[PDB]
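**Student:** sequence unknown, structure follows:
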């Protein structure tokens, strides 16, 4: 009751009334009301990172956030937060940064009290025990043990390592069961006392801020927040910070050499700069990020492209701790790009000095400020989970008025800070880092935490005084006036024939359409997407490889044009599929035609630059062979969708059939692919119907004019179908992951086709085991960190699956899955009516839920139009069938389909094992699959789903 | 009783025994005693044909031969001959020609003695009851009615009935209800007394010679035929001879513009000549037509084909009756061959003039004699049903001591005979006949029986006298020595890999090979078989069109070299399949590799002629839009395959996607098609085990070095599966035929996937109800001429089928089939154990035999390897299983899979209608049904 | 066995 | 949610 | 080719 | 492109 805000800045598109305040104990509280929401939520952000861990025990903050979810004294049950939150269509999640720790959930329609009061005790009073601390560090160990091979983490910790080893930046965030358990009892340090001291010292103070997305009012919930969060008492803890940047001049001007595990080639150029979070009005770092990392005509990337050294390069300024902040120009490299690193960085300082001679530009600021103002004014709707975590996560920095207008509004263009940061970019401040697998035998030093190898090649002053000596220009220039900036923001009125679902309007043997004027959102922007079909796109591996090569070189040769469209708010995406290729163009309403037209005329009338093809061919050949370095459970989810389909090609087919693709073969392939084809599309958003038919008309008329496109026969518009497993069939086959020390498994229970009375059986059974599967297989039995079980739907055929990867041998996992099945059905027959109706209501709220963003319903329409079912109202009738179900119905579903003694039982298993690798029932002897095609030769195939 | 006979001439590679002699009444008999055989037959020929039918009734020999099989005196039940015959694993058949009429049957090992006594009663004394006559007139009408729109019959009767209207050659041989039933009973003539007169007074012991294929000895078969065929009474009927021609020199030098219903273009040239049938010592006509119809460097077909006028040429002797023979040269015409007619015929008389100036040759007669000498020394033995009626048909023309060597050896050279028959070929003796669609409407005459429209124009004297100006010979020259004539013949001895069934000897990712050195027949011959699997050949109708034009154009570009090897017995077939390309080279073992490697290095390194590509493209577009005129029983079989298979392209889509075929399009297709392919092969018969390896190694070597062929990864050796019909499901697909006035149908019961116990359920039920099906549909119900019932083996899935076309509505016609299945439901249960044993015995005789021709061993080993089944010993295991089945098991199979109220019942039907749930479109049908698995290889 | 291409066979056996 | 996937999630 | 009767 | 991070 200390501080109340009067009115803050909101975009005039929103309808959500807001209120900010501050409590007696110094908590920054923000209130959000929404009358028409369906999942309310709240969040919290304690401003304490893993950079306040004690020096002896490493990764205490992460172990504490990981242990706080389990157990309080006002709710002594182990899972009562998770169990009550999952009975009511909610889900909870959390993470730790280097500076703070976010706690957030979401919950159903009005269950604010019963989950917010459970979320408040989180900090009011927590209770731990021996059991939890003893079996939770195993899950944190699995967490680190899956990230010991992740090159996004190995490079991160190696940047943390080679700095100032007396600095708190050189600290480890996770804990690997060794710093958490083995070291503290090696020297007798207790852990529970460390956790109670950490929490009572840091978390209970003023530091945390809260936000809650309520339905009721802006006075109904102010009282609710005050009563719950008044207790936590201010301990007057000042914010931890440190003005000393970790890079002292002894370890500046240095060039390491790192050896990865997955085959990559990269070049990092690191600059240190002082803190610029205080300047959030002029924002000099975004200016220099816009001027350094900018593709287009005559810019830093395009010249390095033209010399064949660089694929791409991301610039910008990288944040750090509170006191300091980085600046990075991160590049990737070609085969002969690693020979010319000094010339690459020479061109980088050529472009720096060419941007240091011209000086600060006001029209670039005005352009960027207009673009951020237009991008703020038509800001789309937000999902209430994830959003409240962000705006609680940035609430510590800004006052009450601009809590929302963060990095959107800019007041002044002050060139003095532009010159300051542009002076701090000097080759006396460089730290180059090269990653290449060509350094196998040359590295002396190795990392202890992760186990990576690197060097110290401190750059002698030859190449420094080659960098800053004489820098006039190459052929660089500043970017020009943008022409894709929008000017038409008029919402077209709803026409006479206004439909709630997309209607077939054109139906020819060449194309078909699906059109809906936007009725709910009223934003001047409309996405539109296409699915072109060709029977020659996936005939053999070679024809499945020219497709990716052609599509990629099309995307390569058009980035130069359309980066200004992606910068103004028009984004496209063009990738291949099994059946044909794909296109999806979204963004502001004014320049979809210009862009789509240029994409089509660049698609049909397409030449090949030979050296670019010869670069991309190798960048794909090195994108096939590093599939062996990736997660085990992803190899399970790859192998299952390879075996359970009609035709699919392995990663071993395509790298053999890349030894045949040549320039003339690909060059003759595009007239073969674009000769006969068929288009399927929906158009959605703010467009009239005559202009919709004109847009797709112009599309197929351009393909007619340039490609000589003919329509396909209707008897060769076909899809693929799923193999039918025998009743009482037990199929398993194992493969061995080469580089990960974990094992993995995915098990598949196949029921039947897509019906309107049979999707709710499997869906309700997958909702009744959603919380207990996690609860007994990851928490109680500690089988690993990757636990997931749900419905899988490919080719119409629906199945219930289990994804789990662990240290244990996989057949142990499959046995304890069967034990979970038996214990689960025993728990099903015991449950009462009220809990069963609670599960039915939880599924009737998760599934009967309107989408907020316009792309969230365009991905609801398109994802079923590409499945050829065309059932738009399956969200109403299906859940109207869900309301009439009896307790017996699910047992009758379970017994003859999913049980061990079942007559209709379909089960296939994929075991991925490692590099060197409470009463389970009796399982029948497996039959193993040693060949995929001889497997799929003796089994029937399902019929395809008839459309609606 | 006669005691005549001497040593019948044979081949020295033969082991069969022969004996010929006459009877006291005049019947000639040839006795063949073969102890190894499994079936047995007897046949005879009556020298009275349909040429001497009474004038009032248009055809009585055919109606007599249809009415002969019914109602013998001694065995008076109607179906008795074919019920004693079909239960002992035999099926008889007979026909009636202009001057002859054969009657042949076949029977099992021992039932010959109880089969001749049903067969001699066709000749001793038949009933000819009228109640079995009013039924057979309709069957002869349905025989005629399917030939009314058949062009090879319309041209036959227009060839006959344009000549002398007084001569008996211009009569009508078949009969409809008009001439048999309707015309006589209006005029008041009884057909019964005409059958009794025509069989009693004109059908005798002379003009009749029999033969028997038995397993009994020399002496025990001679008395058998004497005991059974001495009762045939003699009448000393004179032979129906006439020495004059039907062309009396006023029917010459005319041109017949004939309008067809099928879009065809042909040129018929006809020369009348007298008989050379007495001249079979020199055989001048075969000499002359050999030098006329030759496809080789500097020939007639080479010169006319080189300028785009003709696609094909046939020249030789079209025999008519005793007294006269024709001499014809028949070509096919292109788009511009239709309007350069007199220049074509001018070239034909230019080449005949070159044969006049060169005169006779002796080395060509020596070559043609040595080729028939080696074609007779190594002679493949024919099947018993068909070998008897052949040498009973030609037994009327030769002496008893030379019957087998009748057309297989030649006597001394007679040049003056060839000179006289060459002098008969003059421009004043021509009869040109033109068949073209372009003559429509301009024609003003109609044939009485077939309705064919023809216009008769006498050719002007300017073109006859410019055909007598034909001395500018140019590039026409006589053929050279052939080099495919074999000289090496030895058997290779049996190696230590003595296998009764061929096995793998090579299995790579590139090839796969099966090899059986032949151990039965000991002939210097060999079969080679190939399949070049490729995943591009049936992707799109455009790729099926480009495959078929590639294959046809390759076969056209190679005939120039291949026809010198076809005459010497080296026969090759190249065809396109939904999977890839089928190659098959068969013949003598001497020159197999030269022809095979020439085919390979013409198939890989091949370029295109523009003019030839256009002619082949228009010809195949014609052959695609031409299929609309086909018998209505064959559109149904076309439609069942269209619906059952996974994916199939119709005739309508092929001809529509044929428009976009160009030479640049086809030029890059061939290296795409043969870029990556898997080969599967069979070769057996007189080959060394390593020479099999060589003959596959040089094939894959030549292909990989001339076309850079890479192996095909085994995830793409896929084969199509079959649509699985739902249980208790009935489906109907209707369609309309446009050309024929009849309605077709095909009923299909899907049953289940192939197995040892399923295949014998289905085949034993198909052996139960086949002869009752023929009897009770066609003999009593008089639905139609064509009627068939049996198994349908497609994609490893079994089925039972009914194919019948008729005058009736097909929705009426299906109910007769279902009432037949009820009738044989009732009949199969109220049935004895002995006749069930007979029925399960005759299937164990038909399935368990041994083929004598080596190409039939190849046609079953290859016929099973291409099914991916590999079960080389189905006969023994499966027939062993057959001996255990009981009548209870067949009622299990019926009441479950075939009864009208059966649970597992799979019913699909098509309908082809006359010109005068349901299946709307086949993609929405095959989309919503599941697919069967594929068969597991043995 | 129907030597001539034209056929007057009593029945067609296939 | 987590930012840039370089932070450490609970589930 | 020869007609072969 | 700019490092949004």
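**Tutor:** Arrived safely. Numbering: from 1, shown residues only, chains lettered A, B, ... in the order given.

**Student:** Excluding chain neighbours, what is closest to residue 9?
**Tutor:** In the absence of a named chain, this looks at chain A. Distance criterion Cβ to Cβ, 6 or more residues apart in numbering or on different chains; nearest residue to residue A:9, sequence neighbours excluded, is residue A:405 at 5.0 Å. Where C-beta positions appear, they are placed from N, C-alpha and C, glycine not excepted.

**Student:** my question was about chain C
**Tutor:** Residue C:9's closest residue in space is residue B:95 (Cβ to Cβ, 6+ apart), at 4.9 Å.

**Student:** And the residue nearest to residue A:9, how far from residue B:582?
**Tutor:** The gap separating residue A:405 from residue B:582 is 76 Å, by Cβ to Cβ, to the nearest Å.

**Student:** mind checking how far the residue nearest to residue C:9 is from chain D?
**Tutor:** Residue B:95 is 85 Å from chain D, where distance means Cβ to the nearest Cβ, to the nearest Å.

**Student:** I figured that residue was touching residue B:102, is that so?
**Tutor:** Yes - applying Cβ atoms under 8 Å, one finds residue B:95 in contact with residue B:102, separated by 5.9 Å.

**Student:** ok, back up a step: Provide the secondary structure category for the residue nearest to residue C:9.
**Tutor:** When classified by DSSP: H, G, I helix; E, B strand; the rest coil, residue B:95 comes out as strand.

**Student:** show me what contacts residue A:32?
**Tutor:** A:16, A:17, A:18, A:211, A:212, A:213, A:214, A:384, A:388 (Cβ atoms under 8 Å, 6 or more residues apart in numbering or on different chains).

**Student:** Out of those, which is nearest to residue C:9?
**Tutor:** Residue C:9 lies nearest to residue A:384 out of these, by Cβ to Cβ, at 85.3 Å.

**Student:** The closest one: neighbouring residues, count only.
**Tutor:** Residue A:384 has 24 neighbours, counted by other Cβ atoms under 10 Å in any protein chain shown.

**Student:** What distance do you get for it to chain F?
**Tutor:** 23 Å.

**Student:** repeat for residue A:593
**Tutor:** Noted for residue A:593: a distance of 25 Å to chain F, by Cβ to the nearest Cβ.

**Student:** Hmm, that residue is touching residue A:696, no?
**Tutor:** No - applying Cβ under 8 Å as the test, residue A:593 and residue A:696 come out as separate, 11.3 Å apart.

**Student:** okay, those two: which has more neighbours?
**Tutor:** Between residue A:593 and residue A:696, residue A:696 has the larger neighbour count (other Cβ under 10 Å), namely 21 against 14.

**Student:** For chain E, give me its nearest residue in the stretch 501-650 of chain A.
**Tutor:** Here the stretch 501-650 of chain A gets closest to chain E at one residue, residue A:539, 41.7 Å apart by Cβ to the nearest Cβ.

**Student:** can you pull the contacts of residue A:427?
**Tutor:** By Cβ under 8 Å, 6+ apart, the contact set of residue A:427 is A:253, A:345, A:349, A:464, A:467, A:468.

**Student:** My error: substitute residue A:155 in the last question.
**Tutor:** A:258, A:433, A:435.

**Student:** quick check, nearest of those to chain C?
**Tutor:** Of the contacts of residue A:155, the one sitting nearest to chain C (Cβ to the nearest Cβ) turns out to be residue A:435, at 74.0 Å.

**Student:** how much space between the closest one and chain E?
**Tutor:** 76 Å.

**Student:** Check residue A:173 too.
**Tutor:** 90 Å.

**Student:** Tell me how many other residues crowd that residue.
**Tutor:** Residues near residue A:173, counting by other Cβ under 10 Å: 25.

**Student:** The contacts of residue A:155, buried ones only, as a PyMOL selection?
**Tutor:** Only the buried members of the contacts of residue A:155 enter the following PyMOL selection, criterion being 16 or more other Cβ atoms under 10 Å in any protein chain shown:
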select buried, chain A and resi 258+433+435
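
**Student:** Show the contacting residues for the residue of chain A found nearest chain B.
**Tutor:** The nearest approach of chain A to chain B comes at residue A:941, 4.3 Å away (Cβ to the nearest Cβ). Residues counted as contacts of residue A:941 (Cβ under 8 Å, 6+ apart) are A:646, A:721, A:722, A:723, A:724, B:721, B:930, B:931.

**Student:** Settle this for me: the first one is touching residue A:724, isn't it.
**Tutor:** Pointing back at residue A:646 there. No - contact status for residue A:646 versus residue A:724: not in contact, 11.3 Å apart, counting by Cβ under 8 Å.

**Student:** between the two, which one's more packed in?
**Tutor:** The residue with more neighbours, out of residue A:646 and residue A:724, is residue A:724; 19 against 16, by other Cβ under 10 Å.

**Student:** residues in contact with that one?
**Tutor:** Contacts of residue A:724 by Cβ under 8 Å, 6+ apart are A:939, A:940, A:941, A:942, B:930.

**Student:** now swap in residue A:778 and tell me
**Tutor:** Contacts of residue A:778 (Cβ under 8 Å, 6+ apart): A:139, A:784, A:785, A:787.

**Student:** Likewise for residue A:62?
**Tutor:** Applying Cβ under 8 Å, 6+ apart, the residues near residue A:62 are A:50, A:96, A:140, A:173, A:174, A:175, D:8.

**Student:** Might you name the residue of chain C sitting closest to chain D?
**Tutor:** Proximity of chain C to chain D (Cβ to the nearest Cβ) peaks at residue C:14, 70.3 Å away.

**Student:** Which of the three states applies to the residue nearest to that residue when sequence neighbours are not counted?
**Tutor:** Spatial nearest neighbour of residue C:14, excluding adjacent residues (Cβ to Cβ, 6+ apart): residue B:788 at 6.0 Å. Using three-state DSSP, the structure places residue B:788 in strand.

**Student:** Can you name the residue of chain C nearest chain A?
**Tutor:** Closest point on chain C to chain A, by Cβ to the nearest Cβ, is residue C:14, at 29.9 Å.

**Student:** residues near that residue, how many?
**Tutor:** For residue C:14, the tally of surrounding residues (other Cβ under 10 Å) stands at 7.

**Student:** Surely it is in a strand?
**Tutor:** No - Residue C:14: not assigned to a strand; according to three-state DSSP it is coil.

**Student:** distance of it from residue B:108?
**Tutor:** From residue C:14 to residue B:108 the distance is 21 Å (Cβ to Cβ).

**Student:** before we move on, what about residue A:28?
**Tutor:** Distance, residue A:28 to residue B:108, using Cβ to Cβ: 104 Å.

**Student:** got it, and residue A:53?
**Tutor:** Taken as Cβ to Cβ, the span from residue A:53 to residue B:108 is 98 Å.

**Student:** Same question for residue A:128.
**Tutor:** Distance, residue A:128 to residue B:108, using Cβ to Cβ: 94 Å.

**Student:** and if you look at residue A:391?
**Tutor:** 96 Å.

**Student:** Tell me which residue of chain A lies closest to chain C.
**Tutor:** In chain A, the residue that lies nearest chain C is residue A:715 (29.9 Å; Cβ to the nearest Cβ).

**Student:** mind listing what that residue touches?
**Tutor:** When contacts are taken as Cβ under 8 Å, 6+ apart, residue A:715 is in contact with B:647, B:649, B:653, B:922, B:923.
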